[PDB]
Amino acid sequence: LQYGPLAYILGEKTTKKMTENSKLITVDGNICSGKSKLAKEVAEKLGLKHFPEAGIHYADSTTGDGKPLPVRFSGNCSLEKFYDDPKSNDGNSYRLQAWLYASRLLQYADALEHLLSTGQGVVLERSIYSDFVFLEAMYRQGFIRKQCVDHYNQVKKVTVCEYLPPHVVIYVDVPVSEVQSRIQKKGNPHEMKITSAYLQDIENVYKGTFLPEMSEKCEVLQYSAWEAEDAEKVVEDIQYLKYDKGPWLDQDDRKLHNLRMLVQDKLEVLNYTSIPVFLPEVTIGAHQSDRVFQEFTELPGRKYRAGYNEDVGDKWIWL
Amino acid sequence: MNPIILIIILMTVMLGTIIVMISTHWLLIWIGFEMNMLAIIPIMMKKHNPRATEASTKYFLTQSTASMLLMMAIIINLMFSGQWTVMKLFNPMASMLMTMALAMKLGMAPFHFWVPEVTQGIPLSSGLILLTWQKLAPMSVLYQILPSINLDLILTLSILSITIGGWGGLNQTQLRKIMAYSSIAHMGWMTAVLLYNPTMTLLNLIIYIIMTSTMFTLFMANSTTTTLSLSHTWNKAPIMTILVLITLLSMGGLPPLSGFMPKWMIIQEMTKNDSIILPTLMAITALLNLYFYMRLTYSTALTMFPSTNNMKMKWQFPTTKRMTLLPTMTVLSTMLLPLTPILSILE
Amino acid sequence: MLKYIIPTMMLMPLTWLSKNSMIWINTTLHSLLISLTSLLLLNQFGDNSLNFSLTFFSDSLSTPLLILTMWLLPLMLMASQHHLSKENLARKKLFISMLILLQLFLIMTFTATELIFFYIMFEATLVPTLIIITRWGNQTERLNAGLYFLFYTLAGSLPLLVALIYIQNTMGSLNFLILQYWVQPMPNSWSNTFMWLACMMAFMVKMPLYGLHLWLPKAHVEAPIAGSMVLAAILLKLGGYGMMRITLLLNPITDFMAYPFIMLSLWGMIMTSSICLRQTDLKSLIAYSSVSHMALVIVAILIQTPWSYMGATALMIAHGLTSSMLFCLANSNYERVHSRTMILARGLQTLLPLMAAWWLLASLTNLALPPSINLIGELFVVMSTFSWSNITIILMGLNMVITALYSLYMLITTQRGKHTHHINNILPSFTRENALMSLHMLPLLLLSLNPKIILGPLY
Amino acid sequence: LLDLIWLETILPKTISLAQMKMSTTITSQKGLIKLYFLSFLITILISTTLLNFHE
Amino acid sequence: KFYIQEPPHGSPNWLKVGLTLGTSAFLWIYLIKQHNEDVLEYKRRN
Amino acid sequence: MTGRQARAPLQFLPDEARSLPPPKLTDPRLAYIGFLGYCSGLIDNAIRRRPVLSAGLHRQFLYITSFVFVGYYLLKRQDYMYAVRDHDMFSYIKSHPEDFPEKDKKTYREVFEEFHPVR
Amino acid sequence: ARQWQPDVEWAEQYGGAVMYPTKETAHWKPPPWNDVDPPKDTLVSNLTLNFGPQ
Amino acid sequence: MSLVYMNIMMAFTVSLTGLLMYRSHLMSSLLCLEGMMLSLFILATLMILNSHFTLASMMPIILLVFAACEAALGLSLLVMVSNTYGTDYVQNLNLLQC
Amino acid sequence: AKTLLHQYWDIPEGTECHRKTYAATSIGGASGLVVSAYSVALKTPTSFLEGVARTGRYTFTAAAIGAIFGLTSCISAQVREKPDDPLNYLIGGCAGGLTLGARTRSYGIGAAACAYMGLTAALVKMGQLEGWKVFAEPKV
Amino acid sequence: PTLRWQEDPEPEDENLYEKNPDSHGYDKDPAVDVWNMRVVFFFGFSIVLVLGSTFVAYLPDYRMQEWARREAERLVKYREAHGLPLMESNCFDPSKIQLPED
């Protein structure tokens, strides 16, 4: 990669790929309400690239083969087992929560790298701020020991506080019973095992904590339930948004140089992900991890530097 | 920070240290130490956390007062026989003040209270650069002005720095504090043989600098502060483990390995004199400062601590830090044993 | 001698660039080839040693130990599978190359000329032992075992360096010949007492002597079989070899200053043979047995008779073979049941009816059955110490009695009387352990026939 | 009695207790500045006049 | 093929490898010439 | 031991260093240096996940070249330093015959040293 | 596979601010993992001036 | 011995102990560092005058300008510490324990 | 300082006695004041009466060990009438370690102090008896 | 409400038999274990043991043994056949000795 100081000395600055379309728009919504429908609508209308939903195996998606690597490795999350039974003593709330946190952090870094590199701004759905609100309502249900929440508080304090928060946040409010009806419309039985008070506590924390703490960092527009498609109105509202507050007005160029040289090498981002605290619900001993690492070496397309990876090619190893 | 400004600050550190090496006037040496301080201050506080700010405060205070007490020693030298040639001094009192100024300068047993505190709250690059040039700048001066020093000064500070960097050192898992106490112990060794043969001191300076550069480069390859973070580096990658093994053992100084070679030559050209009990004391305390290296190795690569998933995530990204120059420094630093008669390459 | 050094090097990249089901045949075959290669060495004759360079030479003390080393490597390398064949390929390759580098420094050490070079190769002998026993130490205190290990061996072996540098710059260079032909006697000033004390105390630590044998039992009960065989045979007889050489200097004060160490060794020999009569952890009985035989070695070194040195080197080689074999048998039994304790695994005259033949044969060598070498060693040492004093034979014979009884207790405890009949998993004997026993006890009986080879310089 | 407990309490344990206690009184110093400079001052005085280095 | 949306590199760059091998051949030839001059100077003086 | 014509500036290899014998081709010390360079290139493959023994052959040839070169210059300097140390020693021998007197060889027909037997 | 490995409690024996516990070292808290404290935001208000009727 | 030099050296020990023992404010410590600077300046100037050491009579002003810019750096560091805290005591610095 | 350690060793040992014990108590007073000065610099007693108390304890104990060392030195030298051994000062170091353990009021510290102070004192007199210089040649 | 672990239940006790009843030493690869047996005998006994038995059963007179036998034979026959006493004491010549004096 052609970076460091030398790109910043050949190329004059990096603020030249700005603005009025190079921006971060972010749709935050409740589950099965604020989704890729309105996100793809505003991304296709406004002239601005799109990111799909942050799944389980996003990290497997973004490198080489975008097939999901089998869930012995990317797990042991089992999101359908979370919608089935969030009460197991094997521990499947918080392992999944750490995994989705890392997934959201990686795709946020990929988005911010695509913004600061050439533009032209992106949409995100259910960002990291919605992720902590999501977990705090999951704790309001009481599936998790509070020490594990203290761990989450710790990881959240360390990682988020080096980034720039996004520009605009579109909150979608849908009431409970409509989301209930929609998850009945989809018909997936693991999804059909959801309970409603969990969803209610999501709406509770998602109104009561998220909105006071954004507060003109991530300027918001709050929309109603059938206020969806509805594309012209939200495109129009972004067209006359009048960006008022936020740290994005203070970079000027130097923080942007630090963010370009920080968001690249994503492993430098993730050097705070495993802290550790050792959280007996979470961690993994030596033996299982060692056999899983050796089986991860046994894959035909992941082993020893995907650039120079033989047994896909590449006939440039200088004989 | 600008990258142009960092190239400027590196230019001024190099200018200051080359001034200390090259000049023959006393005013110029004091200018060299001051400009070394002024340039090295904004390499620290490279981030803006208050840890770096308090660290830089402590460093500025002790460094600047060492600078001024050095100037007191020079003006004593002109109170007596007055000329500005870096030579034998002309007062035991002036030499006493001057070596106490340099002992405050490079870190030493009465004076070492700022070394772990200056290293703990700074990033790795700042710690590396301050160890390299802030141990390299005074050694030229002491190598010059050795022929007029009361010996008990140098030998006292050497012995006591070796045993302080020993005994202090069994207690920290903050890796910057471990490396700082390692710096204290090796600087005791390198101060010791100043009045016997300074070729050994300068060879030890080379070996120590290359070793600490290897160690800090390995920490910069994967940012760690505790030993448990090194156990996660075990799980994520295996070759870092055997490097931590080899470089920790060459900090330990075992005779198959290249870190033993500075101990051995010191004991040789020390014991050709009537000093035998002082070598066996020094080498017993050199046995002492291997123990925290050994528990550190037991943490990293030999036993294995339990890991965390999201290492499963970090498997999908192959490594992408640049090392400045790691492997060259490593096998320059560790397989160097059959080149002991590259001793006399130096004088 | 570089004809032995350089294929031992080139056996190392061999093991790297072989693959799965391919490393093993290459390593074992070629290591046996090197065993024949150093069976070629034994030429040594008459007047002096034989000089393999301006740098290397071989005393006839060094020839049987060197041949024992190159014999003991392929045995070891076969012995250390089935407890790591299910680990990873890279870690297994690292293990084999670790042992080869170990053998390389042992050959470096035994064929030394300069005692400073001997010291460098002494601690280069040390550092692979550490890494093997800590990485495959296989029980919860391998930590403490390695820690005790390295600090006893270095902090004893540290001032030895200072004493040798002092001798270097008071008497010229350090050929063993120019250590000889130029050594002048050194009287009883207290500096001489401390110099002798430094050298002899470092090798005392490495034997062990009695007050410093709790170095040992952790470092053998929590080792894998390869490092245990290495440690016992090659390292303890390496320490004895070092004292056997450097006792050439400083004969005129060893009489006045050798009285406490002999008495420590004698009463500790009796106490160690007593303490291995009642312990559990069968693996450790061989360790305390080893301390008993090394105490007899130290008696033989500090008395300075040619009789004593002949007995000393025979006792060295025979005890090396006995202890290495018996460690391999105890590993066979631990592969059977996951115990390491003594009173658990019982029976076994019925089952595996020829494993007991090897137990019987090793137990009678450790008894010192009389045509064997170990009786030759013990007998000449007893002769030399009876010419030393008319009184010490109480201790030697009582050592013989208690040695008989614990060795027989090892035999008829675990392998006599009744199987506990809730075992039901032990397999009938593999070909491999039978091969390992065969490689131990053919050369011991073959030297029992013709032993004029293995006696020392004072033949 | 003899080998295990006394020989471990004479050769290792004395060393281990000495090193552990001396660590916990050398490096167990809380981080203020006035301590370090008073230590410098008493070191200068006790090196100049008491155990002299310039005489 | 097989690598979605980016390899960071993987096609061999051609300035760097040719530059390093050219300068390595240059440094070999320079030390050979210096060495041959040194042998000639030693034998010529003695 | 000190310069000894630091007057007479730093001078990495003096022009009086073109009388000594040079280190020959394939002398074993620089062969060791080249082995170290090969191993340096090999660990240089090994740090990152690029595969060992392959796909770095220009880097292996590079590290071999550079280390053998640097070792060659230092071997020449090393030989010079031992030569100047030997010649200064013999010059101080010949400069003063007054203080290193000739030990007349008391052969062993007359030299008395006692016995002290080890029984 | 019976080769022993240390546990969570072993790692927490090597965890904490300092290594050895004393009477005195309860107050040594662990450092922040980012080497960045959550500092005091001690600026409660801006400069508030009450220009009266002089 | 040109008697006054005794008093200026004793004044140097005055300024040095004032630099070392210091209770509350870092500013007093930094100003006593400045006083030490003045002491060295004056003593060296008296000796260079009475020596007529007239070629290199730069020592007073150049020693002065350098250690004054050191004091400037110290002022900025004290401003930074006072900015991220309330005060600039020697206390409220006991974090980052050795 | 060199003056008072020189005063201690200048006595033929030998018996010129009770000057030996006075010099040893002066050694003890000096060493106690040194180590107590570092301690009162590095503890901040508060109250200051505690600071004087701690320095008094350190000076008093080091002077006590000096006195007991000198007493059994003098007595063993007079009784054995063989002033050349280190064995009499081995008795010296063990007695000093025992009363160190007495004034700290635990016995294991007294035992290990007996052992190490005896070994160091035998080595001190023995090294004076052969002659091993202070810190240097520093020639070649 | 806690486990502290996540790994496999251990061990997995593989009988090395009960998939090969003919098996020699190591694991269940069928042919190369037979090669292990064949190499550790045929290059371990069939070329090492009996050849070493010959090679050390005899070689020349190790440390000059039978040389010394026949040399002592000839010397004692000479010292009988010329009358002088066998094994003269004082192995060095007392003409070439110098006692230091009182």
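Which chain is which? They are A, B, C, D, E, F, G, H, I and J, in the order written, and residues in each are numbered from 1.
Definition applied: contacts are C-beta pairs under 8 Å (C-beta built on N, C-alpha and C of every residue); 3 or more make two chains touch, one makes a residue touch a chain.
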| Shared chain contacts [chain D and chain F, defined touch] | B, C
| said: If I rank A-F and C-G by number of C-beta contact pairs, which comes first? | reply: A-F
| request: Could you give the separation in Å between the centres of chain C and chain D, each centre being the mean of its C-alpha atoms? | output: 41
| task | Could you grab the centroid distance between chain B and chain D? Build each centroid from C-alpha atoms only and quote it in angstrom. | result | 22
| said: Taking the mean of the CA coordinates per chain, how far is chain E from chain G in Å? | reply: 52
| note | Multi-partner residues in chain I (2 or more other chains touched) are none
| Which positions in chain F touch two or more other chains at once? | 48-49, 58
| field | Where chain C touches two or more other chains at once, by residue number | value | 86, 142
| Every chain pair meeting the contact rule | A-B, A-E, A-F, A-G, A-J, B-C, B-D, B-F, B-G, B-H, B-I, C-D, C-F, C-G, C-I, C-J, D-G, D-H, D-I, E-F, F-J, G-H, G-J
| said: Residue numbers of chain G touching chain A in their complex, please. | reply: 1, 5, 7-8, 11-12, 32-34, 36, 38
| So in the complex, which bits of chain I are touching chain D? | 1-2, 30, 34, 37-38, 41-42, 44, 112
| In the complex of these two chains, what residues of chain B are touching chain A? | 1-4, 6-7, 222-223, 228, 232, 235, 304-321
| Hey, which residues of chain B end up touching chain I in the complex? | 151-152, 155, 195-196, 272-278
| field | Residue ranges of chain B in contact with chain H within the complex | value | 27, 30-31, 34, 37-38, 41, 45, 50-51, 53-57, 60-61, 64-65, 67-69, 71-72, 75, 78-79, 82, 84, 113, 116-117, 120-121, 177
